[PDB]
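model.txt, holding compact mmCIF, C-alpha atoms and all ligand atoms:
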# COMPACT_ATOMS: atom_id res chain seq x y z
CA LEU J 1 0.00 0.00 0.00
CA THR J 2 1.31 3.42 -1.01
CA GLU J 3 1.01 7.10 -0.11
CA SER J 4 -1.04 7.65 -3.25
CA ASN J 5 -2.70 10.93 -4.22
CA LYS J 6 -5.21 9.47 -6.69
CA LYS J 7 -8.42 11.45 -7.16
CA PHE J 8 -11.56 9.30 -7.26
CA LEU J 9 -15.19 10.13 -7.80
CA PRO J 10 -17.11 10.02 -4.47
CA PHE J 11 -19.13 6.94 -5.42
CA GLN J 12 -16.07 5.14 -6.83
CA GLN J 13 -14.86 2.80 -4.09
CA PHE J 14 -12.38 0.82 -6.20
CA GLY J 15 -10.25 1.08 -9.31
CA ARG J 16 -8.76 -1.28 -11.85
CA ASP J 17 -5.84 -1.43 -14.27
CA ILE J 18 -5.95 -1.75 -18.06
CA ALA J 19 -6.23 -5.54 -17.58
CA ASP J 20 -8.96 -4.97 -14.93
CA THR J 21 -6.67 -5.87 -12.02
CA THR J 22 -7.47 -3.91 -8.86
CA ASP J 23 -4.80 -1.23 -8.43
CA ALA J 24 -6.39 1.36 -6.12
CA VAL J 25 -8.96 1.24 -3.32
CA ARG J 26 -10.84 3.66 -1.09
CA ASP J 27 -9.96 2.88 2.52
CA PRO J 28 -13.09 2.96 4.72
CA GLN J 29 -11.15 4.58 7.58
CA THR J 30 -9.51 7.23 5.34
CA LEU J 31 -11.37 8.14 2.16
CA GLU J 32 -8.21 9.13 0.29
CA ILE J 33 -7.19 6.59 -2.34
CA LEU J 34 -4.38 4.08 -1.77
CA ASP J 35 -2.66 2.55 -4.79
CA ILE J 36 -1.96 -1.17 -4.43
CA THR J 37 1.15 -2.84 -5.86
CA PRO J 38 1.71 -6.49 -4.87
CA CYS J 39 5.15 -7.34 -3.64
CA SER J 40 8.40 -7.95 -5.49
CA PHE J 41 9.53 -11.33 -6.83
CA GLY J 42 11.64 -12.73 -9.62
CA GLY J 43 13.35 -15.73 -11.09
CA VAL J 44 16.50 -17.00 -9.40
CA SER J 45 19.56 -17.83 -11.50
CA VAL J 46 22.69 -19.53 -10.18
CA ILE J 47 25.96 -18.35 -11.74
CA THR J 48 28.72 -20.85 -11.05
CA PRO J 49 31.69 -22.48 -12.74
CA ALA P 1 -46.15 13.21 -27.61
CA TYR P 2 -42.68 11.91 -28.45
CA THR P 3 -39.13 13.14 -29.06
CA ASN P 4 -35.52 11.96 -29.29
CA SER P 5 -33.25 10.90 -26.42
CA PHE P 6 -30.19 12.83 -27.77
CA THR P 7 -27.49 10.59 -26.18
CA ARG P 8 -28.84 11.11 -22.66
CA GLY P 9 -29.41 8.76 -19.75
CA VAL P 10 -25.89 7.31 -19.59
CA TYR P 11 -24.98 6.46 -16.00
CA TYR P 12 -22.04 4.91 -14.19
CA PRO P 13 -22.55 1.12 -14.34
CA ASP P 14 -19.69 0.27 -11.96
CA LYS P 15 -17.61 2.06 -9.34
CA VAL P 16 -14.36 1.11 -11.09
CA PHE P 17 -12.04 4.06 -11.66
CA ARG P 18 -10.11 4.06 -14.94
CA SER P 19 -7.66 6.71 -16.13
CA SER P 20 -7.52 7.24 -19.93
CA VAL P 21 -8.92 3.72 -20.43
CA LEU P 22 -11.76 2.79 -22.79
CA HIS P 23 -13.98 0.11 -21.26
CA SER P 24 -16.89 -1.88 -22.72
CA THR P 25 -19.79 -3.25 -20.66
CA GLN P 26 -23.23 -4.85 -20.99
CA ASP P 27 -26.01 -3.44 -18.81
CA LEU P 28 -29.59 -2.19 -18.88
CA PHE P 29 -29.54 1.29 -20.39
CA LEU P 30 -31.44 3.83 -22.43
CA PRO P 31 -30.79 3.24 -26.15
CA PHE P 32 -29.09 6.06 -28.03
CA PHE P 33 -31.53 8.32 -29.94
CA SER P 34 -34.43 6.29 -28.55
CA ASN P 35 -38.04 7.44 -28.62
CA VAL P 36 -39.18 8.89 -25.29
CA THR P 37 -42.77 9.67 -24.29
CA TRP P 38 -43.54 13.38 -23.88
CA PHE P 39 -46.37 14.87 -21.82
CA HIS P 40 -46.98 18.57 -21.23
CA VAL P 41 -48.88 19.70 -18.14
CA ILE P 42 -52.21 21.32 -19.02
CA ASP P 43 -51.35 15.69 -17.39
CA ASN P 44 -49.75 13.15 -15.03
CA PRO P 45 -51.13 9.72 -15.97
CA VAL P 46 -50.15 6.23 -14.82
CA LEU P 47 -47.38 4.56 -16.83
CA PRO P 48 -45.75 1.12 -16.45
CA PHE P 49 -42.30 0.82 -14.90
CA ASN P 50 -41.19 -1.94 -17.37
CA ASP P 51 -37.54 -2.96 -16.94
CA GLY P 52 -36.46 0.64 -16.33
CA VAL P 53 -37.66 4.23 -16.40
CA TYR P 54 -35.71 7.17 -17.82
CA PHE P 55 -37.03 10.57 -16.72
CA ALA P 56 -36.07 14.11 -17.70
CA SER P 57 -37.90 17.33 -16.80
CA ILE P 58 -36.92 20.97 -17.33
CA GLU P 59 -38.74 23.50 -15.11
CA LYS P 60 -37.42 26.75 -13.65
CA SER P 61 -39.88 26.62 -10.73
CA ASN P 62 -39.81 22.78 -10.47
CA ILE P 63 -43.53 22.22 -10.96
CA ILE P 64 -42.92 18.47 -10.74
CA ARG P 65 -42.31 17.91 -7.02
CA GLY P 66 -43.07 14.22 -6.54
CA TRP P 67 -43.29 10.73 -7.97
CA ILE P 68 -45.15 7.64 -6.78
CA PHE P 69 -43.90 4.11 -7.56
CA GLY P 70 -46.34 1.28 -6.90
CA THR P 71 -47.55 -1.90 -8.55
CA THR P 72 -51.27 -1.07 -8.51
CA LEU P 73 -51.17 2.57 -7.26
CA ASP P 74 -54.57 2.49 -5.50
CA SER P 75 -53.38 2.11 -1.85
CA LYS P 76 -53.40 -1.70 -2.24
CA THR P 77 -49.60 -1.89 -2.45
CA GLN P 78 -46.52 -0.33 -0.87
CA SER P 79 -46.33 2.60 -3.29
CA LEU P 80 -42.89 4.22 -3.12
CA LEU P 81 -43.54 7.97 -3.04
CA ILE P 82 -40.57 10.30 -3.56
CA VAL P 83 -41.71 13.88 -2.96
CA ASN P 84 -39.41 16.91 -2.66
CA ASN P 85 -40.95 19.49 -0.33
CA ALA P 86 -38.87 22.71 0.02
CA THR P 87 -35.22 21.54 -0.10
CA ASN P 88 -36.02 18.24 1.66
CA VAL P 89 -36.20 15.23 -0.66
CA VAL P 90 -38.59 12.88 1.13
CA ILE P 91 -38.91 9.17 0.31
CA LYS P 92 -41.76 7.06 1.69
CA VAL P 93 -43.60 3.84 0.83
CA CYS P 94 -46.99 4.58 2.39
CA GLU P 95 -50.27 2.84 1.59
CA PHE P 96 -52.17 6.11 2.08
CA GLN P 97 -53.80 7.63 -0.99
CA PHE P 98 -52.74 11.12 -2.03
CA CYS P 99 -55.17 13.97 -2.96
CA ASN P 100 -57.97 13.59 -5.53
CA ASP P 101 -56.10 15.85 -7.95
CA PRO P 102 -52.45 14.71 -7.70
CA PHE P 103 -50.63 17.91 -6.77
CA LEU P 104 -48.76 18.91 -3.63
CA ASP P 105 -49.98 21.92 -1.63
CA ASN P 106 -48.30 1.72 6.10
CA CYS P 107 -45.13 3.83 5.90
CA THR P 108 -42.36 1.25 6.34
CA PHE P 109 -39.51 3.54 5.21
CA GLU P 110 -38.70 7.23 5.69
CA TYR P 111 -35.75 9.22 4.34
CA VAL P 112 -35.62 13.02 4.60
CA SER P 113 -32.80 15.04 3.03
CA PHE P 114 -36.98 26.13 -18.05
CA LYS P 115 -33.85 27.17 -16.16
CA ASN P 116 -33.31 24.03 -14.05
CA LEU P 117 -32.82 20.58 -15.59
CA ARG P 118 -33.45 17.33 -13.71
CA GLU P 119 -32.60 13.94 -15.22
CA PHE P 120 -33.53 10.59 -13.69
CA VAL P 121 -33.01 6.89 -14.43
CA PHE P 122 -35.03 4.41 -12.36
CA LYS P 123 -34.50 0.65 -12.22
CA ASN P 124 -35.28 -1.97 -9.58
CA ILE P 125 -33.01 -4.97 -8.95
CA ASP P 126 -33.67 -7.44 -6.07
CA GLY P 127 -35.96 -4.86 -4.47
CA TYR P 128 -33.18 -2.24 -4.34
CA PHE P 129 -34.62 0.78 -6.16
CA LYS P 130 -31.69 2.26 -8.09
CA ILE P 131 -31.90 5.96 -9.01
CA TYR P 132 -29.29 7.52 -11.28
CA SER P 133 -29.98 11.24 -11.06
CA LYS P 134 -28.60 14.71 -11.74
CA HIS P 135 -29.67 18.26 -10.84
CA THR P 136 -28.15 21.21 -12.69
CA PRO P 137 -29.45 24.47 -14.19
CA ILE P 138 -29.15 25.09 -17.91
CA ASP P 139 -36.62 19.57 -25.91
CA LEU P 140 -33.61 17.69 -24.54
CA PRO P 141 -30.01 18.96 -24.28
CA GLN P 142 -27.83 17.70 -27.12
CA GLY P 143 -24.62 17.54 -25.09
CA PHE P 144 -23.34 14.42 -23.37
CA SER P 145 -23.52 13.97 -19.61
CA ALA P 146 -22.97 11.13 -17.14
CA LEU P 147 -25.67 10.41 -14.57
CA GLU P 148 -24.67 9.59 -11.02
CA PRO P 149 -26.46 7.27 -8.57
CA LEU P 150 -27.38 10.05 -6.14
CA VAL P 151 -29.51 7.65 -4.08
CA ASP P 152 -29.80 3.86 -3.98
CA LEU P 153 -32.82 2.68 -2.03
CA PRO P 154 -32.37 -0.27 0.38
CA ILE P 155 -36.16 -0.64 0.64
CA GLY P 156 -36.47 -4.12 -0.90
CA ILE P 157 -39.95 -3.36 -2.26
CA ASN P 158 -41.50 -4.67 -5.48
CA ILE P 159 -42.72 -2.02 -7.97
CA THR P 160 -44.25 -2.48 -11.45
CA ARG P 161 -45.81 0.94 -12.31
CA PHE P 162 -45.28 4.64 -11.59
CA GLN P 163 -46.89 8.08 -11.81
CA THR P 164 -45.47 11.61 -11.54
CA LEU P 165 -46.89 14.39 -9.36
CA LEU P 166 -47.38 18.17 -9.59
CA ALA P 167 -47.68 21.03 -7.09
CA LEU P 168 -50.10 23.95 -6.72
CA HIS P 169 -51.17 26.18 -3.83
CA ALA P 170 -44.23 21.38 -16.82
CA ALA P 171 -42.65 19.48 -19.72
CA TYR P 172 -41.24 16.04 -18.91
CA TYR P 173 -39.93 13.11 -20.93
CA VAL P 174 -40.33 9.41 -20.08
CA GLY P 175 -38.13 6.68 -21.52
CA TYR P 176 -37.61 2.95 -21.08
CA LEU P 177 -34.31 1.13 -20.60
CA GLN P 178 -33.07 -1.76 -22.75
CA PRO P 179 -30.26 -4.33 -22.50
CA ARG P 180 -27.55 -2.68 -24.62
CA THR P 181 -23.79 -3.02 -25.02
CA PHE P 182 -21.79 0.17 -24.49
CA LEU P 183 -18.24 1.38 -24.90
CA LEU P 184 -17.32 3.90 -22.20
CA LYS P 185 -14.64 6.62 -22.20
CA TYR P 186 -13.12 7.05 -18.75
CA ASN P 187 -11.06 10.24 -18.57
CA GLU P 188 -8.01 10.99 -16.40
CA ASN P 189 -10.27 11.68 -13.39
CA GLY P 190 -12.75 8.85 -13.99
CA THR P 191 -15.62 10.92 -15.38
CA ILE P 192 -17.40 9.22 -18.28
CA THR P 193 -16.80 11.70 -21.10
CA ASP P 194 -18.05 9.72 -24.11
CA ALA P 195 -20.24 6.69 -24.79
CA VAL P 196 -20.94 4.45 -27.78
CA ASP P 197 -24.04 2.27 -28.05
CA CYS P 198 -22.95 -0.80 -30.03
CA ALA P 199 -26.50 -1.65 -31.16
CA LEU P 200 -26.98 1.74 -32.89
CA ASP P 201 -24.97 1.80 -36.14
CA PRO P 202 -22.12 -0.19 -37.77
CA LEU P 203 -19.62 2.58 -36.97
CA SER P 204 -20.57 2.06 -33.34
CA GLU P 205 -19.89 -1.69 -33.63
CA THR P 206 -16.53 -0.94 -35.24
CA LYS P 207 -15.72 1.35 -32.31
CA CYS P 208 -16.98 -1.28 -29.85
CA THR P 209 -14.95 -4.14 -31.35
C1 LIG B 1 -41.44 18.12 4.38
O1 LIG B 1 -41.77 16.77 4.49
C2 LIG B 1 -41.09 16.06 5.54
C3 LIG B 1 -41.70 14.68 5.54
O2 LIG B 1 -42.64 14.52 6.59
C4 LIG B 1 -41.15 16.77 6.91
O3 LIG B 1 -39.97 16.43 7.64
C5 LIG B 1 -39.98 15.33 8.61
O4 LIG B 1 -41.30 14.75 8.82
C6 LIG B 1 -41.27 13.61 9.70
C7 LIG B 1 -42.68 13.06 9.73
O5 LIG B 1 -43.19 12.99 11.05
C8 LIG B 1 -40.75 14.02 11.08
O6 LIG B 1 -40.67 12.86 11.90
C9 LIG B 1 -39.38 14.68 10.97
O7 LIG B 1 -38.98 15.18 12.24
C10 LIG B 1 -39.41 15.82 9.95
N1 LIG B 1 -38.10 16.46 9.82
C11 LIG B 1 -36.96 15.91 9.37
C12 LIG B 1 -35.77 16.82 9.35
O8 LIG B 1 -36.88 14.74 9.00
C13 LIG B 1 -41.14 18.30 6.84
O9 LIG B 1 -41.70 18.84 8.02
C14 LIG B 1 -41.89 18.84 5.63
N2 LIG B 1 -41.70 20.27 5.50
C15 LIG B 1 -42.72 21.13 5.37
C16 LIG B 1 -42.34 22.58 5.25
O10 LIG B 1 -43.89 20.76 5.35
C1 LIG B 2 -41.36 8.57 -32.00
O1 LIG B 2 -42.67 8.11 -32.39
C2 LIG B 2 -43.55 9.16 -32.81
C3 LIG B 2 -44.89 8.52 -33.10
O2 LIG B 2 -44.75 7.13 -33.36
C4 LIG B 2 -42.96 9.88 -34.03
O3 LIG B 2 -43.80 10.98 -34.37
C5 LIG B 2 -41.55 10.38 -33.72
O4 LIG B 2 -40.96 10.92 -34.90
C6 LIG B 2 -40.67 9.24 -33.19
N1 LIG B 2 -39.36 9.74 -32.83
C7 LIG B 2 -38.22 9.11 -33.15
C8 LIG B 2 -36.95 9.76 -32.69
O5 LIG B 2 -38.22 8.06 -33.78
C1 LIG B 3 -44.70 -7.25 -8.10
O1 LIG B 3 -46.12 -7.03 -7.95
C2 LIG B 3 -46.89 -7.25 -9.14
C3 LIG B 3 -48.32 -6.92 -8.80
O2 LIG B 3 -48.76 -7.64 -7.66
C4 LIG B 3 -46.71 -8.69 -9.63
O3 LIG B 3 -47.39 -8.86 -10.86
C5 LIG B 3 -45.23 -9.01 -9.81
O4 LIG B 3 -45.06 -10.38 -10.14
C6 LIG B 3 -44.45 -8.70 -8.53
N1 LIG B 3 -43.03 -8.96 -8.71
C7 LIG B 3 -42.27 -9.55 -7.79
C8 LIG B 3 -40.83 -9.74 -8.14
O5 LIG B 3 -42.73 -9.92 -6.71
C1 LIG B 4 -8.35 16.17 -13.04
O1 LIG B 4 -7.95 16.55 -11.70
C2 LIG B 4 -6.74 17.34 -11.65
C3 LIG B 4 -6.43 17.56 -10.19
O2 LIG B 4 -5.19 18.24 -10.02
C4 LIG B 4 -6.94 18.64 -12.42
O3 LIG B 4 -5.71 19.37 -12.42
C5 LIG B 4 -7.36 18.35 -13.86
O4 LIG B 4 -7.66 19.57 -14.53
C6 LIG B 4 -8.59 17.43 -13.89
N1 LIG B 4 -9.01 17.13 -15.25
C7 LIG B 4 -8.32 16.46 -16.19
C8 LIG B 4 -9.01 16.30 -17.51
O5 LIG B 4 -7.19 16.00 -16.00
Structure translated into structure tokens:
Amino acid sequence: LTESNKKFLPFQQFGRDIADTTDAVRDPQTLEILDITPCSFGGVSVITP
Amino acid sequence: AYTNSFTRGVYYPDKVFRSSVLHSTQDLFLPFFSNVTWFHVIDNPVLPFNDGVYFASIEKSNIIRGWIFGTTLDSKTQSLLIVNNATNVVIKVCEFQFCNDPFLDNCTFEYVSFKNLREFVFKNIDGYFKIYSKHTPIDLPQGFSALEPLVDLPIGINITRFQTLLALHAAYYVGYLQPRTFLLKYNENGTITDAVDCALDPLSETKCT
């Protein structure tokens, strides 16, 4: 969860990406919008002789 | 009487925010350039609710002050009456009959809140009476606008007909919704700025595809 400054319409509780994945939400405690980015990952490669 | 819809009645179908993203959806909606029933007040008859009701009325003094939504509309059913007195929009479902001439001077729910233009879209899903509405001062305006769900009624009450009301001590337009496919233009701040009805013309299908 980020310190996002996204401006939403007052009825708009959620948001989605271009592929309709949920990227931003309206927190019920604080009605400012928080952008959501799921955590880092990656493939693991072993470099050895 | 009758006239043209002029690309009006488009509402927000979902609460999803999109920034510069064009999104297509299938929902009950007013068709583009559809034929809408026109009555001028001399009358306020009884009309069926059907699947959905589109309403638009332009009065500077707001002669239309109320609506009643009931299945039989003769105090035999929980008729949802939505009457705006002064600045208080008042919503009730009483089984008490109104005056003999329907103008303003079992209640299981109570909510109390040509210059001016009021647009309304009514539909009822699972008893939840959904009202997409807009109030702003300005037959029908040619420009595009997006209707917002100003109220959504949790009443859970079945309704199959409706009737508008007057007030005494008005030109309005009535339309019906249809299942149509749209293409929606979400701007940078999520306001729907353009809409394309796919079932209108082949250019619209080419834009929708
Ligand atoms: C406008 O209509 C409403 C609907 O009755 C009136 O406001 C409320 O009426 C109920 C009915 O008993 C009361 O319980 C509430 O206390 C009233 N006030 C509010 C703020 O909800 C209102 O009095 C009417 N206004 C006029 C000028 O007749
Ligand atoms: C709507 O129907 C009426 C009567 O059938 C007709 O006079 C009018 O031109 C129609 N409007 C449109 C936009 O088709
Ligand atoms: C609503 O009431 C009308 C009139 O009694 C009836 O014909 C209709 O089937 C009812 N609908 C529902 C969903 O109960
Ligand atoms: C959207 O909101 C921002 C808020 O800073 C504003 O500057 C901008 O004019 C608005 N409209 C568009 C089309 O970006």
Report task. Throw together the list of residues within 7 Å of ligand LIG 4 (chain B), counting only C-alpha atoms and all ligand atoms, and drop it here as a ChimeraX atom specification. Result -> /J:7 /P:187-189
Query raised in the report: Would you name the residues within 7 Å of ligand LIG 1 (chain B), counting all atoms listed in the file, and put them as a PyMOL selection string?
Result: chain P and resi 85-86+88+90+112
Requested in this report: Collect all residues with atoms no farther than 9 Å from ligand LIG 3 (chain B), counting all atoms listed in the file, and output them as number ranges by chain.
Outcome: P: 70-72, 77, 126-127, 157-161
Could you list, as a PDB file with C-alpha atoms, keeping the file's coordinate frame, every residue of chain P that has an atom within 12 Å of an atom of chain J, counting all atoms listed in the file?
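Saved as part18.pdb:
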ATOM      1  CA  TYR P  12     -22.040   4.910 -14.190  1.00  0.00           C
ATOM      2  CA  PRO P  13     -22.550   1.120 -14.340  1.00  0.00           C
ATOM      3  CA  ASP P  14     -19.690   0.270 -11.960  1.00  0.00           C
ATOM      4  CA  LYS P  15     -17.610   2.060  -9.340  1.00  0.00           C
ATOM      5  CA  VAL P  16     -14.360   1.110 -11.090  1.00  0.00           C
ATOM      6  CA  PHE P  17     -12.040   4.060 -11.660  1.00  0.00           C
ATOM      7  CA  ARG P  18     -10.110   4.060 -14.940  1.00  0.00           C
ATOM      8  CA  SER P  19      -7.660   6.710 -16.130  1.00  0.00           C
ATOM      9  CA  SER P  20      -7.520   7.240 -19.930  1.00  0.00           C
ATOM     10  CA  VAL P  21      -8.920   3.720 -20.430  1.00  0.00           C
ATOM     11  CA  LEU P  22     -11.760   2.790 -22.790  1.00  0.00           C
ATOM     12  CA  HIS P  23     -13.980   0.110 -21.260  1.00  0.00           C
ATOM     13  CA  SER P  24     -16.890  -1.880 -22.720  1.00  0.00           C
ATOM     14  CA  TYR P 132     -29.290   7.520 -11.280  1.00  0.00           C
ATOM     15  CA  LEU P 147     -25.670  10.410 -14.570  1.00  0.00           C
ATOM     16  CA  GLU P 148     -24.670   9.590 -11.020  1.00  0.00           C
ATOM     17  CA  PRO P 149     -26.460   7.270  -8.570  1.00  0.00           C
ATOM     18  CA  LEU P 150     -27.380  10.050  -6.140  1.00  0.00           C
ATOM     19  CA  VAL P 151     -29.510   7.650  -4.080  1.00  0.00           C
ATOM     20  CA  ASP P 152     -29.800   3.860  -3.980  1.00  0.00           C
ATOM     21  CA  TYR P 186     -13.120   7.050 -18.750  1.00  0.00           C
ATOM     22  CA  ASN P 187     -11.060  10.240 -18.570  1.00  0.00           C
ATOM     23  CA  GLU P 188      -8.010  10.990 -16.400  1.00  0.00           C
ATOM     24  CA  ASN P 189     -10.270  11.680 -13.390  1.00  0.00           C
ATOM     25  CA  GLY P 190     -12.750   8.850 -13.990  1.00  0.00           C
ATOM     26  CA  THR P 191     -15.620  10.920 -15.380  1.00  0.00           C
ATOM     27  CA  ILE P 192     -17.400   9.220 -18.280  1.00  0.00           C
TER      28      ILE P 192
END
Query - Nearest-residue call for residue 110 (chain P), choices P:97, P:75, P:61, P:153, using all atoms listed in the file - result: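 Of P:97, P:75, P:61, P:153, the one nearest residue 110 (chain P) is P:153, counting all atoms listed in the file.
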Query - Nearby polymer residues, ligand LIG 2 (chain B), at most 7 Å, all atoms listed in the file, as a list in words - result: residues 2, 3, 4, 33, 34 and 35 of chain P
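Distance-wise, CA of residue 2 (chain J) and CA of residue 43 (chain J) end up 24.8 Å apart.
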Query raised in the report: In Å, with one decimal, what is the gap from CA of residue 68 (chain P) to CA of residue 107 (chain P)?
Result: 13.2 Å
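For the pair CA of residue 145 (chain P) and CA of residue 65 (chain P), the interatomic distance is 23.0 Å.
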